[PDB]
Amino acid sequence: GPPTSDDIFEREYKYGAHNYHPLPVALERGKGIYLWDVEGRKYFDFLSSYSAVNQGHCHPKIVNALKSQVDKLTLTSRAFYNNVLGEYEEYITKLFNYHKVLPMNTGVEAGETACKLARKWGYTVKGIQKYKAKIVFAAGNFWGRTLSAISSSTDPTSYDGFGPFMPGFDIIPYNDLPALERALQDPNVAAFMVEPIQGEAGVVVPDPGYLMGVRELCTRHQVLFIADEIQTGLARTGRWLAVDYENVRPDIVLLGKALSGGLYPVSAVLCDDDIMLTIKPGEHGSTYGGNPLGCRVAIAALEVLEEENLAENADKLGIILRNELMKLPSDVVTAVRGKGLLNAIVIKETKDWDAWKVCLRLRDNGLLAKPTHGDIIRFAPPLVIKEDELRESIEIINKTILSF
């Protein structure tokens, strides 16, 4: 017969690498804000696949876009043209107001591209001597798992045992303008890459004005501001871009995850011509980047975001979420943070009570979430959720937390 949840776990343990320790639940179906395991149980998805399913699981318009194109053409490679990519390019460039886009597949690939653009611009336009270009990052950052990405990490779990590391990556504290200004005194700095809110660090929101101050500093020192909006972008924090809260226009914007509604790995690197065109024909690419199938699903996923006004929903509903979460006792729940529907709670962890235990019980009470250390729990349900559904999940969260 059909495998049980336990059969499912055992099979992966035997045949798959052990690079993850997932919360013990086996999903076979997803729709909107819901997930169903193989035993048929129903669950509120409060992780949204890291924002990839902002539009909810299997959104019918994005599904139909995928189904329509797969019968026509799925991959020509960029050795030749296809009819779809240019339409997606004009669309996303006009939506975000940048001259061009460089299509890639995964979040880390957008970051790598952005680092390559930063260096190439650094050498060919800023006049940095090869190869003395530096890129500054903020401590707590997370942009992927390539050798380059773990080389800017301050998390031992990311870099330990994987060295030597990529040179020319400097790290400074996040939410620290004076540190940034100090780093930018070196003219060999080509760029500063930062998340408007750090996702994996535990939904760390920098103080008001941080983003405006980063922009000012980058512009003064002729440094590219690379904003990684792979998790924060596409309506999840209440705007098209988290950077929009302070009216900031980064030099390079990275998008991924919700860009395809979870139907295909699609990522994007947006920037104007003076940066974008430092990379010449033949100097950068990817087998699947810009394929017609991912473009069709991306056009659809962006249209859902716009047409269903999900940014406004996430902003209004996020206020409720945070307001209800702050009612929990301050001796149980230490802090509440986030923007829009990108939130987290910090608990007063003890040797016998932790975030993992809380998520296990949440699971038991029908809500799926993942801990981000011993003391942090993220709450980020799909943006299609309704206030009634949200209030029901808040009750589940309340009941569970108070049940310890």
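Each residue number is its position in the shown sequence, starting from 1.
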Taking the mean of the C-alpha B-factors per stretch from the entry, tell me the winner out of 301 to 309 and 108 to 116. 301 to 309
Taking the recorded C-alpha temperature factors, which stretch has the higher mean, 197 to 205 or 217 to 225? 197 to 205
Specify which of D176, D160, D170, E324 carries the largest Cα B factor in the deposited PDB entry. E324
Taking only the Cα B-factors deposited for this chain, tell me whether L147 sits in the lowest, middle or highest third. lowest
Compare the C-alpha B factor of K316 with those of the other modelled residues in its chain, then answer lowest, middle or highest third. highest
Where does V333 sit by CA temperature factor within its chain: lowest, middle or highest third? highest
